[PDB]
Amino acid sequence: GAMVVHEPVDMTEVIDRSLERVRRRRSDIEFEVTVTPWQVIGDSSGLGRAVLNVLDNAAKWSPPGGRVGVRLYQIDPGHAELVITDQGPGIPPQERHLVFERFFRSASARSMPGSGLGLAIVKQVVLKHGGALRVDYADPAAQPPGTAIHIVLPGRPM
């Protein structure tokens, strides 16, 4: 099967590389980045693909001048949580079980080119690294509430 890469991965570099790519596509977005140093054992290319796919969605559905939050904090001795947030329409509660399935398309989000594979890839990468993920509103009290993608990754503080 596909090569299984199991090497130390600096998540600060993974996120910084992913951000460089997407800042090009939407230079108006205010990316608010708060990343605690975190090392994951795995596949830097796969993790980079997963973070870029989430950042790409956050940018696509960001309003002009929108803020995208990119936050990674340790939550216990062996895990950290990456939360990527936008000020887009958000994904409503009833759809949150189609998110991460191939070919999902939200009726709340404006139709854009893309065939609905990015988040299925994210789920695969995160599971292959022993993580977990979920979707929620970024700020339920705000209009619009935005989407928050939450990714928990095992690893260690650097």
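Each residue number is its position in the shown sequence, starting from 1.
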With reference to the PDB entry, specify whether the mean Cα temperature factor is higher for 43-51 or for 66-74. 43-51
Looking only at CA atoms, which has the higher mean B factor in the entry: 88-96 or 122-130? 88-96
Checking the record values for 15, 9, 142, 148, which has the greatest CA B factor? 142
Going by the recorded CA B-factors, say which third of the chain residue 116 sits in, lowest, middle or highest. middle
Classify residue 106 as lowest, middle or highest third according to the C-alpha B-factor given in the PDB entry, relative to its own chain. highest
State the tercile, meaning the lowest, middle or highest third, of residue 36 with respect to the CA B-factors recorded for its chain. middle
